[PDB]
Amino acid sequence: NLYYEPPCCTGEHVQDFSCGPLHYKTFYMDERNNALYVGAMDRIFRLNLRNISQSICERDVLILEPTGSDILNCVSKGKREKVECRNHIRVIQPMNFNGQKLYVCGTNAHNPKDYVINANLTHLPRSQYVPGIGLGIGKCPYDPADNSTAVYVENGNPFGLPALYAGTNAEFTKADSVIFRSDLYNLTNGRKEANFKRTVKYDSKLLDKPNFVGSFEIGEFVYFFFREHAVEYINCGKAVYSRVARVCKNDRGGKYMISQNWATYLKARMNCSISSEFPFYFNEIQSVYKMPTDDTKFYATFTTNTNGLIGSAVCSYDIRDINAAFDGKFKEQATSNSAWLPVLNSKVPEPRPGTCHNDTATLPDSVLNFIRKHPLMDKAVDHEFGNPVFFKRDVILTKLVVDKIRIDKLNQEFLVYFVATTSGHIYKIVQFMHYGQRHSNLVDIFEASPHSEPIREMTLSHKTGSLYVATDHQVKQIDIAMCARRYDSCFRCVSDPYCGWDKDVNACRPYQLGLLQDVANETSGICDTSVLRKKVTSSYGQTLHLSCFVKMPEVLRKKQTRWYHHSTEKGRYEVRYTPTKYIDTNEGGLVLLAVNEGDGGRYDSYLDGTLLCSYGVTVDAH
Amino acid sequence: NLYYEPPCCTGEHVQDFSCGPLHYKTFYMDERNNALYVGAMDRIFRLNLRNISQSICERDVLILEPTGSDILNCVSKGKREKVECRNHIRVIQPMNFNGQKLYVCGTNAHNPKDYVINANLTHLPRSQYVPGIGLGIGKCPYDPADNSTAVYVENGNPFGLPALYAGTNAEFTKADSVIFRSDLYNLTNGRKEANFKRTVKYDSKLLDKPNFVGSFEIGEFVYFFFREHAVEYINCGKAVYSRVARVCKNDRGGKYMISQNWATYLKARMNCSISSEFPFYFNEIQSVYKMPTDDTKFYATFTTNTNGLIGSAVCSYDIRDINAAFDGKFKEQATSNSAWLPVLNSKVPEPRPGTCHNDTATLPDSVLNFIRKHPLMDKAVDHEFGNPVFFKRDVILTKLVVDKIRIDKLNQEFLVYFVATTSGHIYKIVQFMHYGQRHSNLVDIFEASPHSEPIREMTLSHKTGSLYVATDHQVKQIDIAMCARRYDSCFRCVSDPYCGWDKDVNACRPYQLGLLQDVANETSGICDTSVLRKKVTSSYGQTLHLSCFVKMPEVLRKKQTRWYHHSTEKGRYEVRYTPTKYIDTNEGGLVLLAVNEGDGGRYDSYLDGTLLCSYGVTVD
Ligand SMILES: *[C@@H]1O[C@H](CO)[C@@H](O[C@@H]2O[C@H](CO)[C@@H](O[C@@H]3O[C@H](CO[C@H]4O[C@H](CO[C@H]5O[C@H](CO)[C@@H](O)[C@H](O)[C@@H]5O[C@H]5O[C@H](CO)[C@@H](O)[C@H](O)[C@@H]5O)[C@@H](O)[C@H](O[C@H]5O[C@H](CO)[C@@H](O)[C@H](O)[C@@H]5O)[C@@H]4O)[C@@H](O)[C@H](O[C@H]4O[C@H](CO)[C@@H](O)[C@H](O)[C@@H]4O[C@H]4O[C@H](CO)[C@@H](O)[C@H](O)[C@@H]4O)[C@@H]3O)[C@H](O)[C@H]2NC(C)=O)[C@H](O)[C@H]1NC(C)=O
Ligand SMILES: *[C@@H]1O[C@H](CO)[C@@H](O[C@@H]2O[C@H](CO)[C@@H](O[C@H]3O[C@H](CO[C@H]4O[C@H](CO[C@H]5O[C@H](CO)[C@@H](O)[C@H](O)[C@@H]5O[C@H]5O[C@H](CO)[C@@H](O)[C@H](O)[C@@H]5O)[C@@H](O)[C@H](O[C@H]5O[C@H](CO)[C@@H](O)[C@H](O)[C@@H]5O)[C@@H]4O)[C@@H](O)[C@H](O[C@H]4O[C@H](CO)[C@@H](O)[C@H](O)[C@@H]4O)[C@@H]3O)[C@H](O)[C@H]2NC(C)=O)[C@H](O)[C@H]1NC(C)=O
Ligand SMILES: *[C@@H]1O[C@H](CO)[C@@H](O[C@@H]2O[C@H](CO)[C@@H](O[C@@H]3O[C@H](CO[C@H]4O[C@H](CO)[C@@H](O)[C@H](O)[C@@H]4O)[C@@H](O)[C@H](O[C@H]4O[C@H](CO)[C@@H](O)[C@H](O)[C@@H]4O[C@H]4O[C@H](CO)[C@@H](O)[C@H](O)[C@@H]4O)[C@@H]3O)[C@H](O)[C@H]2NC(C)=O)[C@H](O)[C@H]1NC(C)=O
Ligand SMILES: *[C@@H]1O[C@H](CO)[C@@H](O[C@@H]2O[C@H](CO)[C@@H](O[C@@H]3O[C@H](CO[C@H]4O[C@H](CO)[C@@H](O)[C@H](O[C@H]5O[C@H](CO)[C@@H](O)[C@H](O)[C@@H]5O)[C@@H]4O)[C@@H](O)[C@H](O)[C@@H]3O)[C@H](O)[C@H]2NC(C)=O)[C@H](O)[C@H]1NC(C)=O
Ligand SMILES: *[C@@H]1O[C@H](CO)[C@@H](O[C@@H]2O[C@H](CO)[C@@H](O[C@@H]3O[C@H](CO[C@H]4O[C@H](CO)[C@@H](O)[C@H](O)[C@@H]4O)[C@@H](O)[C@H](O)[C@@H]3O)[C@H](O)[C@H]2NC(C)=O)[C@H](O)[C@H]1NC(C)=O
Ligand SMILES: *[C@@H]1O[C@H](CO)[C@@H](O[C@@H]2O[C@H](CO)[C@@H](O[C@@H]3O[C@H](CO[C@H]4O[C@H](CO)[C@@H](O)[C@H](O)[C@@H]4O)[C@@H](O)[C@H](O)[C@@H]3O)[C@H](O)[C@H]2NC(C)=O)[C@H](O)[C@H]1NC(C)=O
Ligand SMILES: *[C@@H]1O[C@H](CO)[C@@H](O[C@@H]2O[C@H](CO)[C@@H](O[C@H]3O[C@H](CO[C@H]4O[C@H](CO)[C@@H](O)[C@H](O)[C@@H]4O)[C@@H](O)[C@H](O)[C@@H]3O)[C@H](O)[C@H]2NC(C)=O)[C@H](O)[C@H]1NC(C)=O
Ligand SMILES: *[C@@H]1O[C@H](CO)[C@@H](O[C@@H]2O[C@H](CO)[C@@H](O[C@@H]3O[C@H](CO)[C@@H](O)[C@H](O)[C@@H]3O)[C@H](O)[C@H]2NC(C)=O)[C@H](O)[C@H]1NC(C)=O
Ligand SMILES: *[C@@H]1O[C@H](CO)[C@@H](O[C@@H]2O[C@H](CO)[C@@H](O)[C@H](O)[C@H]2NC(C)=O)[C@H](O)[C@H]1NC(C)=O
Ligand SMILES: *[C@@H]1O[C@H](CO)[C@@H](O[C@@H]2O[C@H](CO)[C@@H](O)[C@H](O)[C@H]2NC(C)=O)[C@H](O)[C@H]1NC(C)=O
Ligand SMILES: *[C@@H]1O[C@H](CO)[C@@H](O[C@@H]2O[C@H](CO)[C@@H](O)[C@H](O)[C@H]2NC(C)=O)[C@H](O)[C@H]1NC(C)=O
Ligand SMILES: *[C@@H]1O[C@H](CO)[C@@H](O)[C@H](O)[C@H]1NC(C)=O
Ligand SMILES: *[C@@H]1O[C@H](CO)[C@@H](O)[C@H](O)[C@H]1NC(C)=O
């Protein structure tokens, strides 16, 4: 009766875009030009970032479908031509080539093909040839189901030349998982200046059935995030571990026989666990996110193995801890029958393997010999505070974006995580500090996609204050703050860091100084004077139904509702549920069966000890 | 008016015995003599097995408290005098010595002491001395919080002599975990005939912080069940594994320098996992149970590590799978920096290590050298069907007992597991077979102890049809079949293997041929003619509350309540839950607000697609 929250967000603060079941995947956001590029099957879209509903299917698209030759070879004798032999876009990157243009790569019917196109989704002139395009190693997956990553890097490579860094698995029939860098071309004079870079082929010490979840350029390096079969666990069982790997941007490879291989490739296990004498590990990373303005923090989701009892967690990682693992001890298995042990630093050659050098071919061979035999660091990368930001049983958390909020006049700084689930929901998790410790609270759960439709991509725009979600059927823009629309109660309003309750107008608003807010729940009872007792009348003998929410908000549905009654000649007491007098509803409601005289009076409803709503009941003689 | 199940069982089918916070622990059940012996702090009781409330505190007890010097020395070491420095009974075993006597061992103020007493809880005459009795060191723990085990064996030991086998800690401050056999005495002539047997002292390959949960004499062996730090896991992290260890009762030890050590000690990991490409392990065994008349099956509880996300499982084991591990390949860590690998059979000496022999000192030294370096088998003992009988998230399962109901027709059988939790509850799980596949069903949950009072011991008397639970505050006898008391509905009655529904009396009775029963849920409409049916009226469109149970039984809250509405103008349709019209009640009810003309009709309540109760709604 009192509180009603409109469902969200699959019913304005929500904008949809769809041209059919085109398997939308791969985001590239250009805030300065109000553009959200979205890849799809045989297509790339340029959506209006401010309001993706204002984009038109026929206008804001560029068709990139395979040739009849590539479709023929892909079908062969037997293969699905319906989606598997289409051109699934997997890479969309900003690329400098006589101005700001887009580098695009697609699966192209199991024949990865890359392109360079204008920002307005037009081809370059037919006479315009871009050096390196269509040549070399496949730059994106052969398979639409492959989990790959890529990042186009303008600065820091050998000779100041641009290059694409990428991790991919190519065909699943063959076993060629690789982290590679494209050939270094001078795009002006067309000369190939340096050969490509790649992990040693078929070396399971470098990659063992990886699934890539992200890649970033930071400082003088490029970092890759993936999960893989844990080689160092084989003597104890089968496990999938999470990895961050690192290469120097200026890596040129070693001497003649190994010049095509990385000379600086290292990787480390990522630690996401609940701390104790027996740490509980979430071993399988699902996605990683970096704030565009912060190159020092990485936020990632991890799950247990999805067989058996399931749990998910969110952990955060500081670049100094990542690099600490790469500056620390190496791991080593001396023989195939040996334990995995740390290497004495006195055994490490000089210069230290993994450090950057302008001329890696000049490094002593002992350095290259060592790094090719010790790609794995001994240290597992420390997660901040040694515990998950957030963890949850029986949920698979996948994509995530992270926002930042500062209230400098009250000295409160919050992170807000938006984390997708395999069921199509978004978790709204706020992080805050209290007495030197980090805490989190699940602020909200809303629906972004039906259960049968997985969330394939998620990104975030600080400029538009919107979250973008891609599924197989549409793209969905969701405002990260819906204070006025979503929260009609002080109770819900003050828990959201974007919001604040205005007791004057009795409504939830975007936060500003002077509004009620308690993200950390450190002033419980702040909403007491904002609970407006609703007076109601009822005749003698008829059934009355008291309820705060029409439907209890999802994040609150598993908390305790306790009702109290205060009438004349009766002290205030808790309402015990009897079969034919007091009934509870799964929404925290109170039903009065056979109302008599003494049933009238004050009724208070508390949720985990905090006052939720109040009623004034009057009963006549009928 | 509604189905009502009264609470159970903390309040004629439940009997209590208590003489104070005496820390009741250690059961020994003598069904032939209607006795349940219970150890306690400084006390041992003999309870009437048929009805433990008949027992009298002052009459059915023998005080066994430490000497004043024992208590003095116990607090000299820095222990707490109130509880730690008392004599906690930890072993009660039947023992032949001029008749049927009892072997008793207690912690005795961190100075383990053992005794031999009569079955009626009286001391033997002081003139009568029992050879070997006196010091309990190696026989029961120093610490009341220790998890130890022991079994007294009359037959199969060297020279036909009796012996106590035990796993415990041999030192109160220093760590000396040991699996141990007492000195072989001839109790008639009083001579010490053979020395004790023990695992090599301080050898982490044999025991590494073990917590023992049971021990049994089976065939020519004694088996020990325990969990311990997983030594073969150290290169990958920290873990606790579950083990079964085995010694030959034959065992006399090797030659002169190692004569005191087992020559036949082997152990193997125990596998309790959900089967898949990535098995999910429950690694920490909590208790093990064997049926008195069956030496081929063992039933155990396993938990994940209690830090982090928690689950518990019940797995069963066949003796042949246990011995298959001991007959299989050995595990080996060649050097301290080596992987753990299986040993080529051609490298194993003869006679095969771990096999029994009348004269183990005669075994070639190479056999003894091998078995002392390779105590751990490569194979992990297969659990039956490769999956838990039953597993549950968010609960810690501890003690368990298992009953067998024999069906005459077609040689079938039900197993009923009674499994305690740390919260004081007993899970009642029936296991049944169908097309050669194993199934289980959680039939009931009831309360045997308050949450803050953990369950310390649990046993089962098939003769009396009762289980017995020991807590710090009391002993509780609970009938395993409470058909008439617990179930007042056909729905609940037919699912319990002990019970059957009688339509003539409209009640639940102990099962006999003719009553309705559907443990396997193969005739879902069996209770349709016996469901709760009633008619209700709603005036002026007031809010109406339909319901079947007073309180939904705990095991039924997991299923989905669905209401169907039959009208002459709307047909039979499932009532869609809409916030402005239809609300759910935590006890399976249906709340119709703003009743109208079209709301009238028949309302059937189904629990997971089985009819629970039906309504006839008319509106005026
Ligand atoms: C992710 O982040 C988590 C949170 O930050 C982090 O949690 C911390 O986890 C640990 C568990 O990993 C918690 O517990 C501690 O565990 C320590 C390690 O103990 C075990 O490991 C020993 C070493 O074995 C490795 O190293 C050998 C030599 O290289 C190899 O031969 C082995 O094969 C093994 O190698 C593996 O691990 C190496 C290091 O990771 C790695 O290089 C290698 O490649 C391979 O992967 C074992 O010797 C030890 O076994 C001994 O002890 C057990 C009893 O537990 C016996 O059963 C065994 O038979 C054996 O004798 C373990 O298997 C412990 O040392 C540590 O103990 C100290 O602290 C506790 C209190 O915290 C004291 O009670 C205890 O007495 C110890 O105190 C003393 O010593 C230490 C140093 O020795 C000293 O600092 C201290 O002041 C005191 O003097 C403790 O139990 C820990 O609590 C967690 N922290 C928090 C804050 O929660 C997690 O590890 C991270 N994960 C990863 C992967 O990094
Ligand atoms: C409890 O009961 C459960 C239910 O009954 C059991 O479940 C079964 O679990 C297994 C997994 O454990 C599932 O199988 C899939 O795994 C197996 C095993 O493969 C892994 O192990 C291989 C061998 O590693 C070990 O032996 C080496 C040789 O001795 C050692 O050098 C090494 O250090 C390992 O040692 C440990 O294990 C052994 C044996 O247990 C032990 O003696 C040691 O002391 C030590 O503890 C590895 O080679 C594999 O690695 C592979 O993957 C790497 C990438 O990560 C590659 O780099 C590498 O080259 C290799 O490819 C794995 O780590 C597979 O054999 C099995 O194969 C499928 O496919 C083959 C194809 O031919 C087929 O023949 C198989 O039948 C199977 O279909 C699977 O991949 C089972 O599915 C599962 N069973 C059921 C019914 O669900 C559980 O095992 C049991 N637990 C215990 C502890 O007993
Ligand atoms: C990818 O590949 C492209 C294409 O090759 C490359 O771009 C080229 O870089 C070179 C090197 O910087 C450029 O060459 C220089 O260009 C400047 C500017 O020239 C134009 O503008 C002037 C007006 O100021 C006109 O007069 C001229 O005709 C051009 O239109 C010149 O000033 C440079 O001249 C010096 O060096 C020449 C030899 O290299 C001499 O012949 C000449 O006399 C000049 O010498 C004087 O200056 C030197 C220092 O600059 C000094 O060392 C001498 O002693 C002497 O004092 C030179 O021609 C070229 O224009 C670029 N081309 C394009 C299309 O941009 C990219 O650099 C490459 N990418 C990467 C990452 O390497
Ligand atoms: C790239 O990375 C992604 C993400 O990490 C990988 O995606 C996993 O991919 C596999 C294979 O495609 C998926 O597994 C499938 O899931 C299907 C949907 O199953 C759910 O829904 C069913 C109802 O329709 C339900 O029955 C099913 O239950 C089963 O799984 C439960 C645990 O997941 C288990 O408890 C149940 O008992 C039961 O076994 C699921 O709830 C299913 O129909 C398929 O048979 C198959 O299982 C995973 O869902 C993907 N995971 C995620 C997080 O998206 C992808 O494989 C990677 N690519 C490569 C090449 O490796
Ligand atoms: C802000 O913080 C306040 C505390 O700092 C919150 O108030 C408290 O909230 C808790 C619940 O989180 C209430 O909890 C109690 O829980 C115990 C134990 O609970 C368990 O056992 C029962 C019985 O089996 C089981 O049913 C439950 O599910 C639990 O597993 C109960 O015994 C108590 O009766 C009570 O329910 C506190 O009562 C409550 N008040 C105080 C003063 O602690 C407050 O809700 C927070 N506000 C927010 C988050 O908006
Ligand atoms: C022998 O085996 C036993 C069973 O496996 C082992 O038992 C474990 O013993 C430890 C320590 O004695 C217990 O840990 C403690 O739990 C208590 C009480 O916990 C409960 O109450 C608190 C509130 O007071 C609540 O927060 C918890 O959630 C519990 O509800 C704590 O107060 C202690 O600080 C400590 O954490 C284990 O709980 C217990 N586990 C089980 C399954 O019984 C025993 O340790 C073994 N003996 C030896 C010598 O190792
Ligand atoms: C623990 O110690 C107990 C006390 O000694 C053992 O019990 C004793 O067992 C012996 C059996 O050897 C038993 O003796 C029997 O034989 C005696 C002599 O008999 C022989 O002599 C006749 C004629 O002299 C000859 O023809 C036969 O071939 C044979 O060689 C008899 O005098 C005696 O009455 C009896 O028949 C002892 O009586 C018995 N002692 C007691 C107190 O029971 C016990 O065996 C041992 N436990 C184990 C497991 O070894
Ligand atoms: C005895 O066995 C029958 C046959 O399985 C049980 O009926 C079935 O119960 C399951 C749930 O255990 C029902 O499944 C569910 O369907 C809903 C709606 O589609 C879905 O949301 C759930 O995820 C689940 O899949 C199933 O519909 C139902 N079958 C029929 C015909 O009603 C019955 O509950 C068992 N009875 C007892 C007392 O165990
Ligand atoms: C985002 O764009 C869509 C489409 O242009 C807007 O939807 C329209 O809303 C106006 C006024 O509310 C109507 O007159 C149109 O008929 C709507 N068009 C469609 C296709 O529904 C939407 O309002 C825009 N949202 C924002 C926040 O500007
Ligand atoms: C088990 O023994 C208890 C204790 O003797 C019985 O409880 C008593 O029942 C008798 C009647 O048989 C009453 O006279 C006593 O007042 C009861 N005492 C208590 C403390 O309850 C109990 O009835 C016996 N149960 C069975 C099944 O024999
Ligand atoms: C407890 O049991 C012992 C052992 O049977 C009893 O002691 C016997 O008492 C009878 C007399 O009734 C004597 O003839 C035996 O010689 C005794 N045997 C021993 C080994 O002492 C004792 O009387 C019993 N006590 C009670 C109270 O029943
Ligand atoms: C390495 O290259 C950078 C950039 O070209 C340059 O500034 C630096 O001086 C070089 N250092 C050496 C030692 O060659
Ligand atoms: C071992 O002793 C038992 C009984 O003591 C006997 O039956 C068996 O034959 C003996 N075996 C050998 C090899 O002496």
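Method of structure determination, per the deposited record: X-ray crystallography was used for this entry, reaching 2.330 Å resolution.

You'll find chain B entered in the PDB entry as IP13724p, with Drosophila melanogaster given as the organism. The record deposited in the PDB is entitled "Drosophila Semaphorin 2b". Its UniProt record, at the heading Subcellular location (unreviewed entry), says of chain B: "Secreted". Check the Sequence similarities (unreviewed entry) section of the UniProt entry for chain B; it says "Belongs to the semaphorin family."

As recorded in the PDB entry, chain A goes by the name IP13724p, listed as coming from Drosophila melanogaster. Note on chain A: under the UniProt heading Subcellular location (unreviewed entry), the record states "Secreted". The record held by UniProt for chain A lists under Sequence similarities (unreviewed entry) the comment "Belongs to the semaphorin family."

A. Quick peek at the side chain of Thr199 of chain A. All names here are of chain A. Mapped onto the fold, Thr199 is located in the loop between β14 (197-198) and β15 (211-218). Taking the relative accessible area as the measure of exposure, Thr199 reaches 2% and is therefore buried. In this structure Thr199 touches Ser177, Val178, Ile179, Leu206, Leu207, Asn261, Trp262 and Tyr265, once residues within four positions along its chain are discounted.

B. The site of ligand 2, seen in detail. In the vicinity of ligand 2, 20 residues are found, and the nearest of them are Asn271, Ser275, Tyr281, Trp340 and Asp378 of chain B. Bordering ligand 2 are residues originating from chains A and B. In the environment of ligand 2, an oxygen atom lies 3.0 Å from a nitrogen or oxygen atom belonging to the side chain of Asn235 of chain A. The separation between an oxygen atom of ligand 2 and a polar main-chain atom of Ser276 of chain B is 3.4 Å. Here the shell around ligand 2 gets three residues from one element, more than from any other, and that element is strand β25 (residues 340-342) of chain B.

C. Here's a closer look at the pattern of salt bridges. Summed over the entire model, instances satisfying the criterion amount to 70 salt bridges over all chains. A salt bridge links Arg492 of chain A to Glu5 of chain A, with the shortest nitrogen-to-oxygen separation between them at 3.0 Å. Per residue, the accessibility class of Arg492 of chain A equals that of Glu5 of chain A, and both read buried. Between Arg59 of chain B and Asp60 of chain B there is a salt bridge, with its nearest N and O atoms 3.0 Å apart. A relative accessible area of 15% means that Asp60 of chain B is categorised as buried.

D. Looking closely at the interface of chain A and chain B. Taken together, the 41 residues of chain A in the interface contact 37 residues of chain B. A buried area of about 3,600 Å², summed over both sides, lies between chain A and chain B, and 60% of it is on carbon and sulfur atoms. Where chain A packs against chain B, one counts four salt bridges. We note a salt bridge from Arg393 of chain B to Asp394 of chain A, for which the minimum N-O separation is 3.3 Å. At the surface where chain A touches chain B, the tally comes to 12 residue pairs in polar contact. Sorting the residues of the side of chain A that touches chain B by element identifies β26 (390-393) and β40 (582-584) of chain A as the ones contributing at least two each. When its residues are assigned to classes, the side of chain A that touches chain B shows 19 nonpolar, 14 polar and eight charged.

E. Examining unusual backbone geometry more closely. Cis peptide bonds are those with omega within 30 degrees of zero, and the linkage from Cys8 of chain A to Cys9 of chain A qualifies with 5°. Note that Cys9 of chain A resides in the segment before β1 (14-17). A cis amide bond links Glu350 of chain A to the next residue, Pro351 of chain A, at an omega of -5°. Relative to the helices and strands, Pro351 of chain A is located in the loop between β25 (341-342) and α3 (365-373). Here the phi dihedral of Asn98 of chain B falls at roughly 55°; this positive angle occurs in a residue that is not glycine.

F. A look at the sheet that holds strand β21 (residues 284-289) of chain A. Residues and elements named next belong to chain A. Read across the open sheet, the four strands follow the order β21-β22-β23-β26; overall the sheet is antiparallel. Looking at strand neighbours, the two that pair on one side only are β21 and β26, the edges of this open sheet. Put simply, the sheet's adjacent strands are angled 20° from each other on average, direction ignored. Sheet analysis places strand β22 (residues 297-303) next to strand β23 (residues 311-318), joined by seven bridges and oriented antiparallel. Within β23, the position partnered with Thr301 by the bridge is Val314. Against the sheet, helix α2 (residues 319-327) contacts β22 and β23, and its axis sits at roughly 85° relative to β23.

G. Spotlight on the nonpolar core. Counting residues in each nonpolar core, the largest one holds 79 residues, and the members touching the most others are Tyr417, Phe418, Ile426, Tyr427 and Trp563 of chain A. When residues in this core are grouped by element, the largest group, seven residues, is from strand β28 (residues 412-421) of chain A. If you look at the next biggest cluster of nonpolar residues, it comprises 78 residues, including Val314, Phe418, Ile426 and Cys527 of chain B.

H. A look at the pairing of strand β2 (residues 25-30) of chain A. All names here are of chain A. Judged from the five bridges that link them, β2 and strand β3 (residues 35-40) form a sheet pairing that is antiparallel. Paired with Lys25 across the two strands is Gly39, which belongs to β3. Here β2 hands over to β3 after four residues, with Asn34 in that stretch at a positive phi of 55°.

I. Quick look at the packing of aromatic side chains. Using the criterion set out here, one finds 43 aromatic pairs over all chains in the structure. Between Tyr564 of chain A and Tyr606 of chain A the ring centres are 5.3 Å apart and the planes differ by 85°, which places this aromatic pair in the edge-to-face class. Highlighted residues: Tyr564 of chain A in strand β38 (residues 561-566) and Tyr606 of chain A in strand β42 (residues 601-607), separated in sequence by 42 residues. For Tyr564 of chain A, a relative accessible area of 18% gives the class buried. Take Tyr606 of chain A: its relative accessible area is 15%, and that puts it in the buried class. With 5.3 Å between their ring centres and 85° between their planes, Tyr564 of chain B and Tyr606 of chain B make a pair best called edge-to-face. Of the two residues, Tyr564 of chain B sits in strand β38 (residues 561-567) while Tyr606 of chain B sits in strand β42 (residues 601-607), which places them 42 residues apart along the sequence. Members of the aromatic cluster, connected to one another through ring pairs, are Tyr233 and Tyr241 of chain A together with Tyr233 and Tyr241 of chain B. Over the ring of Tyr241 of chain A we find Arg269 of chain A, and its NZ or CZ is 3.7 Å from the ring centre. Across from the ring centre of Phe172 of chain B, 4.3 Å away, lies the NZ or CZ of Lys77 of chain B, which sits over that ring.

Rules used throughout
- In this view, residue numbering begins from 1 on each chain in the order the sequence is written and may differ from the entry, while residues that lack coordinates are not shown.
- Labels follow written order: the first chain is A, the first ligand is 1, and so on.
- In computing side-chain values, all of the structure's heavy atoms are included and hydrogens and water are not.
- UniProt positions are given in the numbering used here, feature names are shortened, and annotations may be inferred rather than shown by experiment.
- The secondary structure listing takes helices from DSSP runs of H or I that are at least 4 residues long and strands from runs of E that are at least 2 residues long, numbered from the N terminus.
- Burial classification: accessible surface area is computed with a 1.4 Å probe over protein chains only, and a residue below 20% of its type maximum counts as buried, one above 50% as exposed, and the rest as partly exposed.
- In this analysis, two residues are considered to be in contact whenever any of their non-hydrogen atoms come within 4.5 Å of each other.
- Whether a residue is near a molecule or strand is decided by its heavy atoms; if any one of them lies within 4 Å of it, the residue is near.
- Within 3.5 Å is the distance limit for a polar contact, defined as a pair of N or O atoms, with the added protein rule that one can donate a hydrogen and the other accept it, and that residues adjacent in sequence qualify only through two side-chain atoms.
- Only one rule defines a salt bridge in this text: a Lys or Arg side-chain nitrogen within 4 Å of an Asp or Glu carboxyl oxygen.
- Once two parts are put together, the accessible area they lose, assessed with a 1.4 Å probe and summed over both, is termed the buried area.
- Charged means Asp, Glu, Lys or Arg here, nonpolar means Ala, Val, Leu, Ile, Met, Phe, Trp, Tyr, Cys or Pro, and polar covers whatever is left, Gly included.
- Paired strands are those between which DSSP finds at least two bridges.
- Lines are fitted to the C-alpha atoms to define the axes, a helix being fitted only along its stretch in contact, and any angle between axes, read from their N-to-C directions, falls within 0 to 180 degrees.
- In this description, a nonpolar core means a group of buried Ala, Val, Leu, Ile, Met, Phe, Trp, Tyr and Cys residues linked to one another through side-chain atoms lying within 4.5 Å.
- Centre distance within 6.5 Å is the pairing criterion for rings of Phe, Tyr and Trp, where only the six-membered ring of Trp is used; planes under 30 degrees apart are then read as stacked, over 60 as edge-to-face, and the remainder as tilted.
- Remark: a charge is flagged as sitting over a ring if the NZ atom of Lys or the CZ atom of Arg is within 6 Å of the ring centre and within 35 degrees of the ring normal.

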